[PDB]
Amino acid sequence: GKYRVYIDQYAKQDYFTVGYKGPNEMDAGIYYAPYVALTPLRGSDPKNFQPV
Amino acid sequence: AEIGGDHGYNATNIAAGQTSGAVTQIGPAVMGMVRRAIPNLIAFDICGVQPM
(Lines give C-alpha, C1' and ligand atoms only; values in the text may rest on other atoms or scores of the structure.)
Protein backbone atom coordinates (compact mmCIF):
# COMPACT_ATOMS: atom_id res chain seq x y z
CA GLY A 1 0.00 0.00 0.00
CA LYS A 2 2.80 2.52 0.14
CA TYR A 3 5.95 1.82 -1.89
CA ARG A 4 6.53 1.38 -5.62
CA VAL A 5 9.61 -0.84 -5.79
CA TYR A 6 11.93 -0.65 -8.80
CA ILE A 7 14.73 -3.21 -9.07
CA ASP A 8 18.17 -2.32 -10.45
CA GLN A 9 19.34 -4.95 -12.93
CA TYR A 10 23.08 -4.31 -12.52
CA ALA A 11 23.44 -3.98 -8.74
CA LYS A 12 27.08 -4.19 -7.71
CA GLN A 13 26.94 -5.86 -4.29
CA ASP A 14 23.60 -5.23 -2.48
CA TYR A 15 21.42 -2.31 -1.37
CA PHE A 16 17.95 -0.88 -1.07
CA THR A 17 17.41 2.84 -1.64
CA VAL A 18 14.27 4.58 -0.39
CA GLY A 19 13.17 7.80 -2.05
CA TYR A 20 10.34 10.32 -2.04
CA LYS A 21 8.10 11.50 -4.86
CA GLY A 22 5.58 14.33 -5.03
CA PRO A 23 2.59 15.36 -7.12
CA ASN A 24 4.42 18.11 -9.03
CA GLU A 25 7.55 17.83 -11.17
CA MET A 26 9.53 20.10 -8.84
CA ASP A 27 8.90 17.65 -5.99
CA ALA A 28 11.84 15.28 -6.45
CA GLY A 29 15.56 15.03 -5.77
CA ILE A 30 17.01 15.04 -9.28
CA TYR A 31 15.83 16.72 -12.47
CA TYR A 32 16.31 15.19 -15.92
CA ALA A 33 15.65 18.16 -18.18
CA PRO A 34 15.40 17.12 -21.84
CA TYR A 35 16.83 19.30 -24.60
CA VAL A 36 17.38 18.85 -28.36
CA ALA A 37 16.63 15.20 -29.11
CA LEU A 38 18.63 12.60 -31.04
CA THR A 39 20.26 14.13 -34.10
CA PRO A 40 20.31 12.18 -37.40
CA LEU A 41 23.80 13.26 -38.41
CA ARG A 42 25.06 11.87 -41.73
CA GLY A 43 27.96 12.31 -44.12
CA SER A 44 30.57 10.67 -46.30
CA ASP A 45 34.34 10.79 -46.82
CA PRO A 46 35.49 11.56 -50.39
CA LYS A 47 38.65 9.49 -50.23
CA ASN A 48 37.11 6.08 -49.54
CA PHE A 49 33.45 6.90 -50.41
CA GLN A 50 32.12 4.60 -47.70
CA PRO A 51 29.21 6.18 -45.78
CA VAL A 52 29.09 7.22 -42.12
CA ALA B 1 32.96 1.79 -43.56
CA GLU B 2 32.78 -1.64 -41.96
CA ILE B 3 34.92 -4.75 -42.26
CA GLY B 4 33.45 -7.59 -44.29
CA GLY B 5 36.18 -9.28 -46.26
CA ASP B 6 36.98 -12.21 -48.49
CA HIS B 7 36.66 -15.85 -47.69
CA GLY B 8 40.40 -16.61 -47.61
CA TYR B 9 41.29 -17.52 -51.18
CA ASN B 10 41.41 -21.26 -50.62
CA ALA B 11 38.54 -23.69 -51.08
CA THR B 12 38.48 -24.85 -47.45
CA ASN B 13 37.72 -21.35 -46.17
CA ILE B 14 35.19 -20.72 -48.96
CA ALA B 15 33.44 -23.95 -47.92
CA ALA B 16 30.98 -22.46 -45.41
CA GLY B 17 32.26 -19.33 -43.65
CA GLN B 18 35.52 -18.27 -42.02
CA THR B 19 35.81 -14.73 -43.32
CA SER B 20 38.15 -11.97 -42.11
CA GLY B 21 35.59 -9.53 -40.69
CA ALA B 22 32.18 -10.22 -39.15
CA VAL B 23 29.73 -11.21 -41.87
CA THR B 24 30.25 -14.96 -41.51
CA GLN B 25 28.53 -16.54 -44.48
CA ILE B 26 26.06 -19.38 -44.90
CA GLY B 27 27.83 -20.92 -47.87
CA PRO B 28 28.30 -20.67 -51.63
CA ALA B 29 25.12 -21.01 -53.68
CA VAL B 30 24.93 -24.30 -55.58
CA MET B 31 24.60 -24.06 -59.36
CA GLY B 32 24.43 -27.55 -60.85
CA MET B 33 26.13 -30.86 -61.54
CA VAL B 34 28.12 -32.12 -64.53
CA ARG B 35 28.99 -35.70 -65.43
CA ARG B 36 30.39 -37.78 -68.27
CA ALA B 37 28.03 -38.70 -71.09
CA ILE B 38 27.33 -42.24 -72.33
CA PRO B 39 29.54 -43.23 -75.30
CA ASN B 40 27.77 -44.29 -78.47
CA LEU B 41 27.72 -47.81 -79.90
CA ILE B 42 29.15 -48.85 -83.26
CA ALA B 43 26.11 -50.54 -84.84
CA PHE B 44 25.75 -54.27 -85.02
CA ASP B 45 25.08 -54.69 -88.76
CA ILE B 46 28.70 -55.75 -89.41
CA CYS B 47 28.39 -59.28 -87.99
CA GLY B 48 25.82 -62.00 -87.29
CA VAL B 49 23.02 -61.41 -84.80
CA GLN B 50 21.55 -64.91 -84.86
CA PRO B 51 19.96 -65.63 -81.45
CA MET B 52 20.25 -68.91 -79.55
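Caption draft 1: View of the overall build of chain A. Across its full length, chain A holds zero helices and zero strands. Seen through its principal axes, chain A has C-alpha atoms that stretch 60 × 30 × 15 Å. Evaluated residue by residue, chain A yields a buried proportion of 2% over its 52 residues. In chain A, which carries 6 positive and 5 negative side-chain charges, the distance between the mean positions of the two groups comes to 4 Å.

Caption draft 2: Looking closely at the overall build of chain B. Scanning chain B for helices and strands turns up one helix and zero strands. Computed over its C-alpha atoms, the radius of gyration of chain B comes to 26 Å, more than 25% above the 10 Å expected for a compact globule of 52 residues. Summarising its shape, the C-alpha atoms of chain B cover approximately 80 × 20 × 15 Å along the three principal directions. Within the span of chain B, comprising 52 residues, buried residues form 8% of the whole. Per element, the accessible surface of chain B, about 5400 Å² overall, is 62% carbon and sulfur.

Caption draft 3: Summary view of a nonpolar patch on the surface. A cluster of nonpolar side chains, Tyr3, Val5, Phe16 and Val18 of chain A, forms an exposed patch at the surface whose accessible area comes to about 560 Å². Residue class for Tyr3 of chain A comes out exposed when judged on its relative accessible area of 61%.

Caption draft 4: Representation of the environment of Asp6 of chain B. The topology assignment puts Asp6 of chain B in the segment before helix 1 (11-14). In sequence terms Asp6 of chain B and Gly21 of chain B are 15 residues apart; their C-alpha atoms lie 8.4 Å from each other.

Calculation criteria
- Residues numbered from 1 in each chain as written, not as in the entry; some residues may be left out.
- Chains lettered and ligands numbered in written order.
- Part of a larger assembly, values for the part shown.
- Heavy atoms only, no water.
- Helix = DSSP H or I, 4+ residues; strand = E, 2+ residues; numbered from the N terminus.
- Buried < 20%, exposed > 50% of the residue type's maximum accessible area, 1.4 Å probe, protein only.
- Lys, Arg positive; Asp, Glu negative; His and termini not counted.
- Charge placed at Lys NZ, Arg CZ, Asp CG, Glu CD.
- Rg over C-alpha atoms; globule rule 2.2 N^0.38 Å.
- Areas by Shrake-Rupley, 256 points an atom, 1.4 Å probe, with all protein chains shown as cover.
- Patch = residues over 30% accessible without salt bridge, like charges linked within 9 Å, V, L, I, M, F, W, Y side chains within 5 Å.
- Salt bridge = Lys/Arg side-chain N within 4 Å of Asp/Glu carboxyl O.

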